[PDB]
Amino acid sequence: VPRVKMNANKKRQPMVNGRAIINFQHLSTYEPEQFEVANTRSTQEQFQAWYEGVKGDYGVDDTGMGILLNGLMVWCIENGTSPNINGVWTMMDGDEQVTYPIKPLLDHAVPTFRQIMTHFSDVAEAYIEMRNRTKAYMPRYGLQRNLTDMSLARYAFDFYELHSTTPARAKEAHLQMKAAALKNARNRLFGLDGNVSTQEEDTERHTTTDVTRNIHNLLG
RNA sequence: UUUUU
């Protein structure tokens, strides 16, 4: 008495013209990563374009970017990846402090800069645990949110990506800090258009006329 | 979706 193996498909199906459109053979093997089909982060083409833009502006090569990306990621952990950031971002070269401009780093991000840094969310999460083994390390973003749980330091930056299995109680904490940080976020599409209104005067000026025009139909 | 500095 062998054991039968069950496999179910079809059932309802779209059936646009009497036959199914879904390729169930391909659907069985089509199991991509959740972050590869999410619209909350930049695509591979957009991320690749951003990478070359930073190279052409800073002038460093591939090995230089590897060092810079580590410093930039740490800076983005402490300081949020807001589109309004300006000035320079700093990294420690052993003992001295070196600064790099922020403006060229924001120009080549086709989507918002937070989507670009979302690609570093998995690496950034591992960085916090590496720091939180012998010392209490809390990112400045988590300090500004008044998060009193040091165990939930893995999730203390604004470019963190939610996962199906990685967070269990951190989902509630991460969303609460997002709501607190976005309590007074204005959303205006337009504002201060480039037109200055005013008007245009098209009238000839002659010595025989007055400041504006001649006087007619006036008696006295 | 964005908006978290």
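In the text below, chain A, chain B and the rest are named by the order of the sequence lines, each starting its count at 1. All heavy atoms count here, side chains included; hydrogens, waters and symmetry mates do not.
The stretch residues 38-47 of chain A comes close to RNA chain B through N39(A), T40(A), each having a heavy atom under 4.0 Å from the strand.
Note: CG (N187(A)) to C1' (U4(B)) measures 14 Å, nearest angstrom. Summarising the geometry, the separation between CG on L175(A) and P on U3(B) is reported as 16 Å, rounded to the nearest angstrom. For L147(A) and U4(B), the CG to P distance is 20 Å, given to the nearest whole Å. Spacing between atom CG of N184(A) and atom P of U3(B) amounts to 15 Å, rounded to whole angstrom units. Between the CE atom of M177(A) and the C1' atom of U5(B) there is a distance of 14 Å, rounded to whole Å. Counting to the nearest Å, the P atom of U1(B) and the CZ atom of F159(A) are 18 Å from each other. Between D158(A) atom CG and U4(B) atom P there is a gap of 8 Å when expressed in whole angstrom units. When the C1' atom of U5(B) is taken as reference, atom CH2 of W75(A) falls 7 Å away, rounded to whole Å.
Taking the charged nitrogens against the carboxylate oxygens, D62(A) and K55(A) do have a contact shorter than 4.0 Å, which makes a salt bridge. Salt bridge status for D149(A) with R169(A): present, with a side-chain N to carboxylate O gap under 4.0 Å.
As judged by a 4.0 angstrom heavy-atom cut-off over every strand, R186(A) is placed among residues making no nucleic acid contact. Within the 4.0 angstrom heavy-atom criterion, no nucleotide atom of any strand lies near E78(A). Nucleic acid contact for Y141(A): base, since at least one base atom lies under 4.0 Å from a heavy atom of the residue. Residue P111(A) is out of contact with every strand shown, counting any heavy-atom pair closer than 4.0 Å.
The phosphate of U4(B) has OP1 or OP2 within less than 4.0 Å of a side-chain N or O from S82(A). Dashed line: the shortest gap from a side-chain N or O of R145(A) to OP1 or OP2 of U4(B) is not under 4.0 Å. Contact annotation: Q115(A) side-chain N/O to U2(B) OP1/OP2 distance is under 4.0 Å. Applying the 4.0 Å criterion to OP1 and OP2 of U4(B), one finds that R114(A) has a side-chain N or O inside that range. Proximity of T112(A) to the phosphate of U1(B): no side-chain N or O atom is located under 4.0 Å from OP1 or OP2.
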side-chain hydrogen bond (donor to acceptor under 3.5 Å, both in side chains), that's the test. Do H108(A) and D57(A) meet it? Break it down for me. CA-CA 10 Å; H108(A) 302 266; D57(A) 295 3; 2.6 Å; yes
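For the pair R145(A) and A181(A), the tightest heavy-atom approach, listed with the atom from each and the gap, is NH1-CB, 3.5 Å.
If you check the side chains of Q44(A) and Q48(A), you find no donor sitting under 3.5 Å from an acceptor. Inspection of the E78(A) and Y141(A) side chains reveals no N or O donor paired with an N or O acceptor under 3.5 Å.
For the pair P111(A)/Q46(A), a side-chain contact is recorded, criterion being any heavy-atom separation below 4.5 Å from C-beta on. In this structure, the side chains of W89(A) and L105(A) come closer than 4.5 Å at one or more pairs of heavy atoms.
Below the 3.5 angstrom threshold, one finds no donor paired with an acceptor across the side chain of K183(A) and the base of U4(B).
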